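Peer 1: Residue numbers (the authors' numbering), protein chains in the order written: chain A, 1 to 122; chain B, 1 to 81; chain C, 8 to 178; chain D, 277 to 496; chain E, 1 to 71; chain F, 1 to 128; chain G, 1 to 127; chain H, 1 to 166; chain I, 1 to 88; chain J, 35 to 158. Each residue gets a CB set at the ideal place from its N, CA and C atoms; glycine is no exception. Structure in structure tokens, see below.
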Amino acid sequence: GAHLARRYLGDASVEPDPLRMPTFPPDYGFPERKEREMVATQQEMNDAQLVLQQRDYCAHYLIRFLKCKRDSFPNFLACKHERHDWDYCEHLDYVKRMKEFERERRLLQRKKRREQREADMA
Amino acid sequence: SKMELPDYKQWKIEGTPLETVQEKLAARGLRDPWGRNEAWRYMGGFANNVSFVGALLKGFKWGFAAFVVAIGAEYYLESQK
Amino acid sequence: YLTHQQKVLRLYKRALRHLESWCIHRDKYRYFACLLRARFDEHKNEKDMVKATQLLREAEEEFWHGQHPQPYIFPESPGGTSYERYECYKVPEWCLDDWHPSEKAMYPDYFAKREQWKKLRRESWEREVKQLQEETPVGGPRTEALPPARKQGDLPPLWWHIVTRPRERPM
Amino acid sequence: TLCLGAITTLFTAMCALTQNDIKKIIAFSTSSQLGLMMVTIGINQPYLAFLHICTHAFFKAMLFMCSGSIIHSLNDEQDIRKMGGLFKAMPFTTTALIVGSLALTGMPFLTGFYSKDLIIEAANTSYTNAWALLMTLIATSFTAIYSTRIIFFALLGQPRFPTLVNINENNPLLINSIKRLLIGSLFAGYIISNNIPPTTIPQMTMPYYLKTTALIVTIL
Amino acid sequence: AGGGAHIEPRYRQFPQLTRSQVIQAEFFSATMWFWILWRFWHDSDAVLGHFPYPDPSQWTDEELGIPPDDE
Amino acid sequence: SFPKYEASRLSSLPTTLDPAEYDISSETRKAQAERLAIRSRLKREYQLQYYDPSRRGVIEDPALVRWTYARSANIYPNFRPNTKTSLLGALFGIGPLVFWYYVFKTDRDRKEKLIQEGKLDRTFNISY
Amino acid sequence: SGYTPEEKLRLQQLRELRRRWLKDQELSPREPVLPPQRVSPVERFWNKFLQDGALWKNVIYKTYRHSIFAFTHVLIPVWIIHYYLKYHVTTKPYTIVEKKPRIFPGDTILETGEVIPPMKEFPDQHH
Amino acid sequence: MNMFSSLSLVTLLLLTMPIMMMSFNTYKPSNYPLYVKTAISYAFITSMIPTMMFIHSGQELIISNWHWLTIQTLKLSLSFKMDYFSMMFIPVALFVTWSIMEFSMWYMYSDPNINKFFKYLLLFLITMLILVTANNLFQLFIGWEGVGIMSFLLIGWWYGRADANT
Amino acid sequence: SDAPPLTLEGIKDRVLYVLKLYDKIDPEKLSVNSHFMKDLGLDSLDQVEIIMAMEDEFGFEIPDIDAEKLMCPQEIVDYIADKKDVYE
Amino acid sequence: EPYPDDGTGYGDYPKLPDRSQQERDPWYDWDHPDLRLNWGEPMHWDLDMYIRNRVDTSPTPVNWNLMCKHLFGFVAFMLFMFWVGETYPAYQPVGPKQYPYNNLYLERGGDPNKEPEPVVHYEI
Ligand SMILES: C[C@H](CCC(=O)O)[C@H]1CC[C@H]2[C@@H]3[C@H](O)C[C@@H]4C[C@H](O)CC[C@]4(C)[C@H]3C[C@H](O)[C@]12C
Ligand SMILES: *C(=O)CCCCCCCCCCCCC
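Written out as structure tokens, the structure is:
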């Protein structure tokens, strides 16, 4: 990585802490913030027997891919389209985690400037 | 069954890497007295062995020949459906 | 006890073998093999038993500092990955005397041709014993070397196990 | 588990850079591979560790049989310093030996790639010990170094074996035995990876310098 | 060992070869390159990259809900 | 100029680097003469019976008998209770027993205290 | 350094004895004298039947030996195992436990005909 | 299910028959090395049938056939866990061993005790399959120590060599 | 193990054949019984290289206690035949 | 050379050099080839510890002291670096991953009766 140098060879209070994020209110800065929706219900995931690390918002694409694989047998090269859809859906979920990370980094630095401004005058 | 050992007069240190060893020993007044005994390792079917880069590339000539057609065959087939 | 010539020759053989391991490539070994020979030829005539000795001791100390950590070994030489490998197939000859008669019957020619050696061995034993006890000094032998047979029809003393020793690839 | 595996892959691979016996070199390769598997358990990727076991069996087993063919030809000689010039003297053994050494090093789309390169990529993108990750990356480099040592000292150069050797590999048992692993060593990784049902969330997006690191370090 | 064609060893010479031995060895070696190339053209993302890695240093402050400095 | 070889009990001094292999006097040369004289006499007795074709059995080796006898039966009659034997006997005979007693007694006293208090997790502990 | 005058004689005397000993170790053509042995009638048939190459008829022996192997090493054991499992193991509780089959939205249950409702409409996107 | 479980156990039982026949039931030393190899070949084929079923529907099951010992509240049974890990490693191990044995017939052709060598190799394969298919720790320990002891007997195969015993 | 056996004629030919590739021995002055020292005038260092040249030919080491006692090609053949159970 | 008369029970058994049997000449013709012994030779007090299957005292290419310093240094260095790399882990710029239905409270064995503490994640 590269951001480590900004936390190890640099100030640590200006960097996010993955063991402590989020460190700011979720609604702070988001008027009437929207909530992520789960298309797949609990029963569908329970009856689909998905690993807990897959029981996530990106589910309801894995179920469709798994359903295709059971049906395309023995054609194991098929269902490729559903794989990409689930790969893409997970990818969007990964980028949003980075957005939460960059949002955390900016807010921390925003608190830095605000505190210094009122601190210096005092 | 008796085995026919080749004639020993065909093993020579000329034109092989053993010659350049003779040149460097010559400059110091020394000579290689076993050079012809180790000469067979550089002549015959062992001469001009392939390189490391060429060795890893073995069979690539035919492989790429079959690769281009394979995708080309798919290209026409996929055009229809 | 080893003479100076014996020790010098051994150091020359080891150095080439370690040098051979260092170079791997034959032509490179050939280049350095001769240079090593040259360093030895320039002290052959030295007749000074003291200055010559210093050379050997300094020669050995140089060999140790440059000896290959993992010298090449011939597979069946002590240390090579075949030493003692076939010792598990070498059966002593006397085991055949314990075979069941129904098992000797499978090789009538071998065992018929085997009684001769046993017949030969017993007959020669008395002469072999007598030869040793008359050529042995009063205080007993001073070395392990053994005399040959000094007549015709007499086998060398103490030949049975040397002659009859198991083969090298018995099975 | 991460630190224990990381030192094992680095240390054993390091010991294989200067070995002469062909069987010893593969042994230190196996220890290096096992260290990589332990690292995979230490990054919480149990199924990738298993997938590496299945894939690793094909070419690591083949590399020993191919080396066994060389040893038999030279009359029970195992030190690579008395080998060479076998690229065309034993063409079939060379093909399998070269093919195997490319799965061990992790050439893309061969059997080794679908477990090895998929682990190093998953190692870089995880909350993990930094030194353990570095030692794994260095070890992957050493995999190519000693893999090339066998090829260079057993296929290239000029022969160093004695004058009389019975270099023959025209035995159907030997050829067929190597042939099947050669087929598996090429296709086994692709077949398994596309049939095993998913059990985790794989990591597919990562920085350009962490997606080719396994391949980039191998080439160096 | 036992089985296969009996080939007489050649003293101080390159060993004899057969046709099937040379041909088959070449067939599998060529199979590797054909397999690598065919997959490298259909699964090129597997060896280079699957999805773009967005740069965090370009996102706007309103999509991330970053208030201005003053408030 | 090289680093002189350093020899430990598990790394013997090489014979080549040993100064005793070069300074050969008349005594040293004669000393090996008598060593090979006795070594030759023993090698003679063994071969007289080893090669004898009328012998079936085991050639008793007095050297082997003396080796085993000293290792087992001649130890106590040559034992004297002194400072060395007494201190080593207690350190290697009684020390480990006292050490392990406090390791185990301390551990069980600790554990027994927790169980009485109820602070030791024994939810599914029904096999003992 | 070379051999003393007597040493060359001893080695020659032994080297002649040693090379004679190694010749005695050879076996006569008749040896080993195998006691009379009887084979089964089946074995005698293939001894002379297979002498001719006849690649078309040689595969018969290959299929014959493999056909026997599959019957005595695959079919009989699976008969014993299946009989053992079906009527002795599966008649006891929890001896064989299966991970229940996965039910996906849109499947039809073969025990009751129930149809699990499909999943809601996705925010479909082509990527 | 019946086919899945029956074909899973036959793979193990098939590998035992060459060992059983060493008690002079059917005698054929000339082809015994070939006999062991052919058994591995058929063991791979049968093991693939459960493997293909797992690929299709993700089917896995436990087989606790034999009740061995019951120490109060600990019931120990000979249990085989046919699941993701066993269904995938058994075909691979048998496929590799198949090639190893065929290679062995050539490499070890001149070994006097080739019959013993092939019995030992098969004994290791059985122990590993016990290790791989174990469902409880005690059965896993049988295979755990089994592979170790078979390693000892095969590492020191040439027992006249002081450096192989070490 | 599949290796052709070594015979007295085969051993001797290879022994002489090795020396004929030695630049310091005349092929016409070389015989099965040609002493290496008293006839070819080779120094002991060359004699050691002759033994080394034979070890690489037959691929087995020879003790230095016994390498010194071999001075003519006849004795080299006898040693190898005795050391590899060769009788015909 | 008899052992020191310190009362440890050696008596008059000869004290021989503490040299392993692996050192003895491998080419000499021994009465017992595997033990490197001659019939009648006085056996070392610790012969069974110095057999070729056990402790070996042969000279080593590298001095004993330099071997221990290098091996200890390597192990000591590696352990420190792992500790150094433990407090300074390398991770990726991403926040904690999000799971639905209150971070999978029901899936992870949560108590059905006691309603969990609500956990909400927002689109971003
Ligand atoms: C099938 C296999 C290979 C035959 C071939 O194709 O050449 C042959 C080789 C040795 C044979 C086996 C051995 O001969 C031992 C048994 C002898 C009888 O043939 C009955 C079954 C028996 C167990 C054989 C089964 C099978 O026919 C074998 C295994
Ligand atoms: C960060 O999270 C992983 C630690 C860095 C490992 C990869 C090191 C190589 C990238 C730096 C070189 C960039 C130029 C190619």
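Measuring CA to CA, which of C:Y36, C:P76, C:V170, C:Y19 is closest to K358 (chain D)?
Peer 2: By 1-based counting over the fourth sequence, the position of residue 358 (chain D) is 82. When each option's Cα is compared against that of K358 (chain D), the closest is C:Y36.
Peer 1: Since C279 (chain D) meets chain J, which of its residues come closer than 7 angstroms, beta carbon to beta carbon?
Peer 2: Translated into positions along the fourth sequence, residue 279 (chain D) becomes position 3. What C279 (chain D) touches in chain J: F116.
Peer 1: Shortest alpha-carbon distance to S127 (chain F) belongs to which of H:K75, H:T166, H:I90?
Peer 2: By 1-based counting over the sixth sequence, the position of residue 127 (chain F) is 127. If we check each option's Cα against that of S127 (chain F), H:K75 comes out closest.
Peer 1: Would the beta-carbon of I68 (chain G) be found less than 6 angstroms away from any heavy atom of ligand 1?
Peer 2: As a first step, residue 68 (chain G) must be located in the seventh sequence, where it is residue number 68. Yes, the beta carbon of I68 (chain G) sits closer than 6 angstroms to at least one heavy atom of ligand 1.
Peer 1: Tell me whether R56 (chain F) is buried or exposed, calling it buried when 16 or more other Cβ atoms sit within 10 Å of its Cβ.
Peer 2: Position 56 of the sixth sequence, counted from the start, is the residue given in the question as residue 56 (chain F). Looking at its Cβ environment, which holds fewer than 16 other Cβ atoms inside 10 Å, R56 (chain F) is exposed.
Peer 1: Three-state secondary structure (DSSP) at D355 (chain D)?
Peer 2: Counting from one through the fourth sequence, the residue named residue 355 (chain D) turns up at place 79. Reduced to three states, the DSSP call for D355 (chain D) is strand.
Peer 1: In angstroms, rounded to a whole number, what distance separates the CA positions of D121 (chain F) and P112 (chain H)?
Peer 2: For this step, residue 121 (chain F) is matched to residue 121 along the sixth sequence. For this step, residue 112 (chain H) is matched to residue 112 along the eighth sequence. Going by the C-alpha atoms only, they are around 60 angstroms apart.
Peer 1: Could you give the distance in angstroms between the alpha-carbon of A48 (chain A) and the alpha-carbon of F104 (chain G)?
Peer 2: By 1-based counting over the first sequence, the position of residue 48 (chain A) is 48. By 1-based counting over the seventh sequence, the position of residue 104 (chain G) is 104. Taking the straight line from one Cα to the other gives about 6 angstroms.
Peer 1: In chain order, what are the residue ranges of uninterrupted alpha helix (DSSP H) at least 4 long that sit wholly in the stretch 21-78 of chain C?
Peer 2: 33-48, 56-73
Peer 1: Is there at least one Cβ from chain H nearer than 7 angstroms to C342 (chain D)'s Cβ?
Peer 2: Counting from one through the fourth sequence, the residue named residue 342 (chain D) turns up at place 66. No, its Cβ sits nowhere closer than 7 angstroms to a Cβ of chain H.
Peer 1: Taking only three categories from DSSP, how would you classify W117 (chain J)?
Peer 2: If you number the tenth sequence from 1, residue 117 (chain J) lands on position 83. DSSP places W117 (chain J) in helix when its eight states are reduced to three.
Peer 1: Measure the alpha-carbon distance for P27 (chain I) versus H348 (chain D) and round it to whole angstroms.
Peer 2: The residue you call residue 27 (chain I) lines up with position 27 of the ninth sequence. The residue you call residue 348 (chain D) lines up with position 72 of the fourth sequence. So the two alpha carbons sit approximately 35 angstroms from each other.
Peer 1: Let me check one thing: in DSSP terms, what residues is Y156 (chain J) bridge-paired to?
Peer 2: Counting from 1 along the tenth sequence, the entry for residue 156 (chain J) is found at position 122. The partner list for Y156 (chain J) (beta bridge, DSSP) reads A:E35.
Peer 1: Is any beta-carbon of chain G found at less than 7 angstroms from that of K96 (chain A)?
Peer 2: For the purposes of this step, residue 96 (chain A) is identified with residue 96 of the first sequence, where counting begins at 1. Chain G contact via Cβ: absent.
Peer 1: Verify the CB distance criterion: does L5 (chain B) have a CB-CB separation below 7 angstroms to chain I?
Peer 2: For the purposes of this step, residue 5 (chain B) is taken as the residue at position 5 of the second sequence. Judged by the 7 angstroms Cβ criterion, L5 (chain B) is in contact with chain I.
Peer 1: Using DSSP with H/G/I as helix, E/B as strand and the rest coil, what is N99 (chain J)?
Peer 2: Position 65 of the tenth sequence, counted from the first residue, corresponds to residue 99 (chain J). Reduced to three states, the DSSP call for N99 (chain J) is helix.
Peer 1: Quick one, which residues of the stretch 41-53 of chain B are near chain D if we go by CB-CB under 9 angstroms, in chain order?
Peer 2: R41, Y42, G45, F46, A47, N49, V50, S51, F52
Peer 1: Return the first residue and the last residue of the alpha helix (DSSP H) that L76 (chain H) is part of.
Peer 2: For the purposes of this step, residue 76 (chain H) is taken as the residue at position 76 of the eighth sequence. Looking at the DSSP string, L76 (chain H) is not in any alpha helix (DSSP H); the run it does join, the beta strand (DSSP E), is 74-82.
Peer 1: Using only the heavy atoms of ligand 1, determine whether one of them is closer than 6 angstroms to the beta carbon of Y42 (chain H).
Peer 2: Locating residue 42 (chain H) in the eighth sequence gives position 42, where the first residue counts as 1. No.
Peer 1: Using a beta-carbon distance cut-off of less than 9 angstroms, what residues from the stretch 95-123 of chain G approach chain H?
Peer 2: Taking 9 angstroms as the Cβ-Cβ cut-off against chain H, the residues of the stretch 95-123 of chain G that qualify are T95, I96, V97, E98, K99, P101, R102.
Peer 1: Would you kindly report the start and end of the unbroken beta strand (DSSP E) that includes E44 (chain A)?
Peer 2: In the first sequence, residue 44 (chain A) corresponds to position 44, counting from 1. Here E44 (chain A) belongs to no beta strand (DSSP E); instead the alpha helix (DSSP H) covers 42-48.
Peer 1: Please name the residue, chosen from D:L362, D:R456, D:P384, D:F335, that lies closest to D45 (chain E) on a Cα-to-Cα basis.
Peer 2: Translated into the one-based positions of the fifth sequence, residue 45 (chain E) becomes position 45. It is D:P384.
Peer 1: Would you say the beta carbon of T16 (chain H) comes nearer than 6 angstroms to a heavy atom of ligand 1?
Peer 2: In the eighth sequence, the residue the question calls residue 16 (chain H) occupies position 16. Outside the cutoff, so no.
Peer 1: Let me know the secondary structure DSSP gives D78 (chain I) once reduced to three states.
Peer 2: Working through the ninth sequence from its first residue, we reach residue 78 (chain I) at position 78. Look at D78 (chain I) here: in three-state DSSP terms it is helix.
Peer 1: Ordered along the chain, which non-local residues of its own chain (more than five positions away) have a Cβ less than 7 angstroms from that of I25 (chain I)?
Peer 2: The sequence position of residue 25 (chain I) within the ninth sequence is 25, counting from 1. Cβ neighbours of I25 (chain I) beyond the five flanking positions: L19, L40.
Peer 1: Could you check the C-alpha separation between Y485 (chain D) and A2 (chain A) for me, to the nearest Å?
Peer 2: Working through the fourth sequence from its first residue, we reach residue 485 (chain D) at position 209. Working through the first sequence from its first residue, we reach residue 2 (chain A) at position 2. Using only the alpha carbons, I get a separation of about 11 angstroms.
Peer 1: Quick check: is any heavy atom of ligand 1 less than 6 angstroms from the C-beta of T38 (chain H)?
Peer 2: Residue mapping note: residue 38 (chain H) aligns to position 38 of the eighth sequence, counting from 1. Yes, Cβ of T38 (chain H) sits closer than 6 angstroms to a heavy atom of ligand 1.
Peer 1: Could you tell me the distance, in whole angstroms, from the CA atom of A124 (chain J) to the CA atom of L278 (chain D)?
Peer 2: Residue 124 (chain J) sits at position 90 when you count from the first residue of the tenth sequence. Residue 278 (chain D) sits at position 2 when you count from the first residue of the fourth sequence. Near 13 angstroms, if we compare the C-alpha coordinates of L278 (chain D) and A124 (chain J).
Peer 1: Which residues, in chain order, does the stretch 41-64 of chain A contribute to contact with chain G at a C-beta distance below 7 angstroms?
Peer 2: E44, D47, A48, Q49, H60, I63
Peer 1: Establish whether the CB of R70 (chain A) and some CB of chain H are separated by less than 7 angstroms.
Peer 2: Your numbering for residue 70 (chain A) matches position 70 in the first sequence. Against chain H, the CB of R70 (chain A) has a partner CB under 7 angstroms away; the residue lies at that interface.
Peer 1: Which residues, taken in chain order from the stretch 148-167 of chain C, show a beta carbon closer than 7 angstroms to some beta carbon of chain F?
Peer 2: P148, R149, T150, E151, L165, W167
Peer 1: Note down, in chain order, all residues in the stretch 1-13 of chain I with a beta-carbon under 8 angstroms from any beta-carbon belonging to chain E.
Peer 2: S1, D2, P4
Peer 1: Among residues of its own chain, excluding the 5 on either side of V89 (chain G), which ones have a beta-carbon nearer than 8 angstroms to its beta-carbon?
Peer 2: Here the question's residue 89 (chain G) lines up with position 89 in the seventh sequence. Closer than 8 angstroms at the Cβ level, and outside the excluded window around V89 (chain G), lie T95, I96.
Peer 1: Find the residues of chain H that neighbour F73 (chain A), judging by a C-beta separation of less than 7 angstroms, and give them in chain order.
Peer 2: On the first sequence, position 73 is the one that residue 73 (chain A) refers to. Within chain H, the residues placing a beta-carbon under 7 angstroms from that of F73 (chain A) are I55, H56, ordered along the chain.
Peer 1: Measure the C-alpha to C-alpha separation of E6 (chain F) and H11 (chain C) and round it to an integer number of angstroms.
Peer 2: Sequence index remark: in the sixth sequence, residue 6 (chain F) carries index 6 (1-based). Sequence index remark: in the third sequence, residue 11 (chain C) carries index 4 (1-based). Those two C-alpha atoms are separated by around 25 angstroms.
Peer 1: Quick one, which residues of the stretch 155-166 of chain H are near chain J if we go by CB-CB under 8 angstroms, in chain order?
Peer 2: Residues passing the 8 angstroms Cβ filter: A162, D163, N165, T166.
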